[PDB]
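The structure appears right after this line, and notes come after that.
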Amino acid sequence: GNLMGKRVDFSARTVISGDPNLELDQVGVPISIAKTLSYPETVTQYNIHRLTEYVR
Amino acid sequence: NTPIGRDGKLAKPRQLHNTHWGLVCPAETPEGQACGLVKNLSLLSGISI
Amino acid sequence: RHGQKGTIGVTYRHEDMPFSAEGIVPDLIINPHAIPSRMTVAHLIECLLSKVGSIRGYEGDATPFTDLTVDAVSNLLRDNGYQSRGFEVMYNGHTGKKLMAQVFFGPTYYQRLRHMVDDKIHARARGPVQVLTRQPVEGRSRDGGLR
Amino acid sequence: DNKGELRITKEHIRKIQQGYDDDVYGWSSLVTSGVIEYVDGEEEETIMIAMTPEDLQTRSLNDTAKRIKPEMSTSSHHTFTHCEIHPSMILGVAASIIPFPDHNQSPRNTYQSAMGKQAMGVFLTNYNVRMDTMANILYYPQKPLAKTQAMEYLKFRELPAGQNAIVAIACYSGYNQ
Amino acid sequence: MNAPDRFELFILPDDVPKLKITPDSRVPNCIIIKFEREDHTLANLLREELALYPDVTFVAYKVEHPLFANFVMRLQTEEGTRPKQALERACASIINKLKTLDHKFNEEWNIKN
Amino acid sequence: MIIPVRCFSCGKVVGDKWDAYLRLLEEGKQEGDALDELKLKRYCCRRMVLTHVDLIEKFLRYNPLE
Amino acid sequence: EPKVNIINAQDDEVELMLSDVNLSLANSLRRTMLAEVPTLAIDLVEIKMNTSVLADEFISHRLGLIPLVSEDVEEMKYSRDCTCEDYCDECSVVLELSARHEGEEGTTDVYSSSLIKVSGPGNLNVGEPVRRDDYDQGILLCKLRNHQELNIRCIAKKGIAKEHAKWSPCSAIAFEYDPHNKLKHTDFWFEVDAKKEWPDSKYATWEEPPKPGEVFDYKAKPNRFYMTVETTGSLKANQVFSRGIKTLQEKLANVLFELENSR
Amino acid sequence: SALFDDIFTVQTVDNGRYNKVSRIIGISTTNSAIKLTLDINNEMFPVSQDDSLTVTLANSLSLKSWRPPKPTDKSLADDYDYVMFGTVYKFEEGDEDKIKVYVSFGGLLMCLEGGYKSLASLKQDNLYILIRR
Amino acid sequence: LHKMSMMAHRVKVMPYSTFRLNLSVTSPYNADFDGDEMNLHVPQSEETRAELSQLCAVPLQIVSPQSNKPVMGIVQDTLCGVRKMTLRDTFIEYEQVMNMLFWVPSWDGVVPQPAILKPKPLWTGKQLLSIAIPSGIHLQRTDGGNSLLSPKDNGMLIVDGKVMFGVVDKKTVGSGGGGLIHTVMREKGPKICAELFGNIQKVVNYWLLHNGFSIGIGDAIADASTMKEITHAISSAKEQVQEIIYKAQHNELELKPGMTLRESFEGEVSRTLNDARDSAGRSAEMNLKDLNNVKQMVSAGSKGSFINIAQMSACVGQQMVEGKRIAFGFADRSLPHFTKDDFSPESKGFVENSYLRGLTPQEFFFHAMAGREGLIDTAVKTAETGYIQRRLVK
RNA sequence: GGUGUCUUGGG
Ligand SMILES: [Mg+2]
Ligand SMILES: [Zn+2]
Ligand SMILES: [Zn+2]
């Protein structure tokens, strides 16, 4: 019920669609699901720039 | 419906046994679980008073 | 009306489609590969009958178990100046260069189905949890999560 | 010598056309009159059915257009005692909708009468007053062309739930795979 | 819902110029142009007009993905002509053909009436 | 519901052409001959009128919603 | 070099025979006459009162399509680029309609002819609804019964077809060239014989049949065409073509300028 | 730069499986025991039975991106009507003189045989072929 | 249901909210587009990023430890295309090929030398389909014991990376073991085998576009003559069945071992009718022309089969409800339409017609029963399969 | 921001 397999987070479900104009190892996320979820990136001595950008 | 329940997947009550010529419908019925049980009436079904 | 179901993959504006000679365009382009393994000839026979029904202008009798062949339909079709086995010469829309092959083509009857893309799409950052377990909650309408 | 012949002469169709007896006259009067009788799940054992009234007479070639009935090659003199009305009446209320059903593979009839019952459409002509949890009206409905002789009875043509679009069965740029 | 604005098909972006040029590195004297907000209606035409010229050696476009109003063209003439110049001459020619076409259709339409 | 604005596939205004069409039926015409007299040559338009079912008569028939 | 030959003409359909130009050029022209020829149509319904039986956005939808006499539309700046704020009478023509089946018996067909232009940057003959005849009632926007008042105001703006299917000036472009396959660009399906079944195109007589001993011309090209621009009336077919040409000139001019701009 | 030359009579030509490419079986007249089998494009070079061909095999049409040619420059091809390109893909030096060479012209094939002393130079990779008449 | 239902991917952000896949990967996901729905987890920190990046990104998943074969073949269209494109009689002008050489991402930037130079340059599909296949392969495969001359143009010999001859279909680039994709994988590692799929799909799609392809009703029709043959075949079938009974119900049939009189009687009759249908289908399959479509795909093997054509055109045969023939629901017959003790195949369900004619009544009802068994089966056996996999894993 | 059943569905 909950220790073998449990519900979890940072998921997403949907209906899928096929699109030959891609590579093979790529998947297409709609823009909303991309703005909803998130990846936690840690700041370094190389990439404060893009991160401030995402802030703005 | 038919309350044969689903304790007993003996696949006999699900097959369109041959007297359903004109008393129920071979095209209509649900799918997955209720398959074969949930029967529907032939467009000339008449039930007796 | 023969199970040939499936959803919209992409959208083209009015020109980029193919389009036959008279100016017709297509509306809704199934993919042939559906047909030969699904052995549903009714869908073709329908589209043919419809093309006839529109041209002469009356609703074609598709009562099963009747005496309507596939020929008699074909003749009635060709008498009105169309290829008697459905096809029409079609055109690419991006270069006008004829499509080397000839294409089936007609009006056929679809019917919308409920399961809309906004009755299943979903997400979850974090959010509401159960109390009995703190495991993230059940269902869609509640910022639920996946199993 | 009426033998072999049906009992509903054209007299009866004429009357049912007028709507009155030539000295109300509808279905139940047929039954009680003597031309249609009911058979249930059992008696349908001990009787005999010809498919359509065209097979009463011993019927009599080889053109590739029609379909193959059996000629009844057992008895040089048969004995029918019942003849169908019209066998397109074996389908269900959500299956006469399938146009040309019998040119199909049954798993498709099945997905049909399990999807047609989900069509957006126009269910009762008073959505204004009912206040229901769901409803869905499709803007511009259209009675379709591949009608049967039964949508003459399911009102599906006065109340459709589907549209007619130009279908072009042809792989185009691989988006429809 | 998440459809981009239905006018994202012709309005050029603010600082993304109408047409960005990138010099191709593989073979000599060949380049790339990234169009914006354009379709086959323009690319197909520019190509064919470049497909009749003598000094044009290889040129073609592709349309990355229809959910995106853009495409890209690749251009290579022989050792003599900077590709730029050829493209200009093609523009001149198509314009000129079309001006003539307009001219003749007006004249004809007034004759028919 | 009420006859559309544009034919679906092509795009030749069809709405107006509704009334006359019923009127033509009132003389004993044929849908083919009718449409032809209404000058609908392709079939895309010819289905946008040969099929169309007009509900709004019912939708009114309820005494005033007000 | 390129040439033109009208054949049958009126104000809506113009069966011309553009000859001695490429294939891509005819195709570009076709896409232009269907997409990028600006017209003028209803863009912001603002209902003030509805008592119909029809929904609101519905009548919004239909009015959003109506053909509008747009002969002068090309002197009226774009909606997103007018130096003013939201609609003034420089980049908009406003149309108000309001009928009311007053009297407690009968039906009222609120047509399109009832649309009265209120104002508009005149007297550019714009904004009006379009009429077949002058006794031409027109579109059938709604039916009303007792007390069912309807009262609506409309903005009308100038847009292209990439925006939507309502600035679609022309309806249904026909097309065909080389009706006798004499390029072998096609490959007729056939069971018994080719020449029987494929009925000959409405362009039989315009080119002469193939000779039997004729070999394949491996050098020929598609060199003639026949197209057929219809319009619902919103514009005059000759303006259709003339404006397709103007637009395409202007687009290529923009491109030439961009090249020179990098330069 | 011709690395061969001969004149052939075509004995049998079969379309059968195609509408544009037919297979020909050529035999020499200067010397039999040089059997030839070649596929050709009926729309770009029709032939008929019992006719003649003047076959030549070069390894460089001179007298790397293939552009279409200038009008002004000149070829070995300028004397023929069907100049195909292909690859030597089999060179089976069998018995005394059953030397079969298989060159493939991008789906087009070529069964060539004959005298060792004749074919022996054909151990190359690129063979133009210059049919005549 | 197997360690492919989970692979990484990479993200590209595209509007109009659904999920975008590529079409090489419908097969492991075993997911069509009839509305399948798929969960999409996310990593949350560095370690598990790197774990997905170096363990389960699809290139490392092409070869299954199931049957040491590829699993992600090429699917519906792109297959039927890349067959039609590389027949022998494909010729592609110069214009179109400039394009079809831009689309390839991996491409060098060097046109090939066109297999013809005069009268007017062409090219041949096999060359293009060779532009993709990266330099440095080999492959030899031989059906039918073909020569190195190859009249019917089957088999395959690919050298150095330029197809040399041969109709390419399922048996070579498909999911077949030791097919092309496998070989290039073994020979180059994954990343290249990844861009393989990209190259083949973009190419053959764009060419499929400018060609086009479709099906029509005619394709499933036969002329008169084939109908004469097929009707005669099934005629002789029912003749034999009448003879077989005139034996057995005259007490003359020879009993196979272990089967009583009736089991043998039925086993025979089934051999007879299915052989007959086989005959008919074989006639119709050998008969239809070449550019005809159904035959185009079957021979390309994208979808469909033989038995497909045997039914869409020729016949359907007997119908089967749990092995034996159609029982007698009622007493001594299948329906109230035939009399009692009528074993000849029309009664107990010899679906005689072919769809393109449309079944009778009785045949329609029988065929519905058969499909019903199919559904019951599909909705039940899955239960036991789920259970079994659960046990085996635990 | 209930929670528990049952019902109908989709793959
Ligand atoms: Mg599915
Ligand atoms: Zn129309
Ligand atoms: Zn303004």
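Which chain is which? The protein sequence lines are A, B, C, D, E, F, G, H and I, in order.
Quick note on numbering: the first sequence equals residues 2 to 57 in my numbering.
Quick note on numbering: the second sequence equals residues 89 to 137 in my numbering.
Quick note on numbering: the third sequence equals residues -7 to 139 in my numbering.
Quick note on numbering: the fourth sequence equals residues 17 to 193 in my numbering.
Quick note on numbering: the fifth sequence equals residues 76 to 188 in my numbering.
Quick note on numbering: the sixth sequence equals residues 52 to 117 in my numbering.
Quick note on numbering: the seventh sequence equals residues 3 to 265 in my numbering.
Quick note on numbering: the eighth sequence equals residues 162 to 294 in my numbering.
Quick note on numbering: the ninth sequence equals residues 104 to 497 in my numbering.
No residue lacks a Cβ here, since even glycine has one placed at the ideal position from N, Cα and C.
Proximity test, Cβ basis, 8 Å: residue i and chain B
i: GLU476 (chain I); result: yes
C-beta neighbour in chain G for residue i, strict 8 Å
i: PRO232 (chain H); result: no
i: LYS223 (chain I); result: yes
Member of the options whose CA lies at the smallest distance from the CA of residue i
i: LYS106 (chain I); options: I:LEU252, I:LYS273, I:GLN169, I:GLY282; result: I:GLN169
i: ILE63 (chain D); options: I:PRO448, I:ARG460, I:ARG436, I:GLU466; result: I:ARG436
i: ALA218 (chain I); options: H:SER279, H:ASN287, H:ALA281; result: H:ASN287
i: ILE324 (chain I); options: I:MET117, I:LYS406, I:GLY384, I:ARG494; result: I:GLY384
i: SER26 (chain G); options: G:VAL47, G:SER115, G:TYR179; result: G:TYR179
i: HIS102 (chain D); options: D:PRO69, D:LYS133, D:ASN144; result: D:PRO69
i: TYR188 (chain D); options: I:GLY321, I:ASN314, I:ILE261; result: I:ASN314
i: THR25 (chain D); options: D:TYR36, D:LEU46, D:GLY35; result: D:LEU46
i: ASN183 (chain G); options: G:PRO171, G:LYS223, G:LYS168, G:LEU42; result: G:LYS223
i: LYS164 (chain G); options: C:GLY(-5), C:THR61, C:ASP8; result: C:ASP8
i: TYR50 (chain C); options: D:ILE185, D:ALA135, D:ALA181, D:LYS159; result: D:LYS159
i: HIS144 (chain I); options: A:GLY2, A:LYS7, A:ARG14, A:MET5; result: A:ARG14
i: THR233 (chain G); options: G:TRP169, G:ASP74, G:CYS90; result: G:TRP169
i: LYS92 (chain F); options: F:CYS61, F:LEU111, F:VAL56; result: F:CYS61
C-alpha gap between residue i and residue j, whole angstroms
i: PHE169 (chain H); j: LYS284 (chain H); result: 22 Å
i: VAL64 (chain F); j: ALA327 (chain I); result: 46 Å
i: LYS225 (chain H); j: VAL214 (chain I); result: 9 Å
i: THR61 (chain C); j: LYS82 (chain D); result: 7 Å
i: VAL131 (chain E); j: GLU198 (chain I); result: 12 Å
i: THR249 (chain G); j: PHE218 (chain G); result: 39 Å
Residue i - containing beta strand (DSSP E), residue span
i: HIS241 (chain I); result: 241 to 244
i: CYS144 (chain G); result: 142 to 146
i: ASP200 (chain H); result: 196 to 202
Span of the alpha helix (DSSP H), counted from its first residue to its last, around residue i
i: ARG134 (chain G); result: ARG134 (chain G) -> no alpha helix (DSSP H), and no H or E assigned at all.
i: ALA325 (chain I); result: First-last for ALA325 (chain I): undefined, no H or E at that position.
i: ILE195 (chain I); result: Segment: none, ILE195 (chain I) is in no alpha helix (DSSP H) and carries neither H nor E.
i: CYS96 (chain F); result: 94 to 101
Chain A within 8 Å of residue i, Cβ atoms only
i: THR286 (chain I); result: no
i: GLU139 (chain E); result: yes
i: residue 194 (chain E); result: Nothing in the structure corresponds to residue 194 (chain E), since chain E is present only between 76 and 188.
i: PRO162 (chain I); result: yes
Closer than 7 Å: residue i CB and nearest ligand 5 heavy atom
i: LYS63 (chain F); result: Absence of ligand 5 is noted for the structure shown, with ligand 1, ligand 2 and ligand 3 being the only ligands found.
Chain E within 8 Å of residue i, Cβ atoms only
i: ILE49 (chain A); result: no
i: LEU258 (chain G); result: yes
Residue-chain proximity (residue i, chain I), Cβ-Cβ < 8 Å
i: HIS107 (chain C); result: yes
i: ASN128 (chain B); result: no
For the pair the region 195 to 214 of chain G and the region 74 to 91 of chain C, tell me if three or more CB-CB distances fall below 8 Å. yes
Stretch pair the region 135 to 154 of chain G + the region 100 to 118 of chain G: three plus CB contacts closer than 8 Å: yes
Inspect the CB distances between the region 33 to 42 of chain C and the region 94 to 106 of chain C and report whether three or more fall short of 8 Å. yes
Assess, as a yes-or-no matter, whether the region 24 to 31 of chain A is touched by the region 291 to 301 of chain I under the definition of 3 or more beta carbon pairs within less than 8 Å. yes
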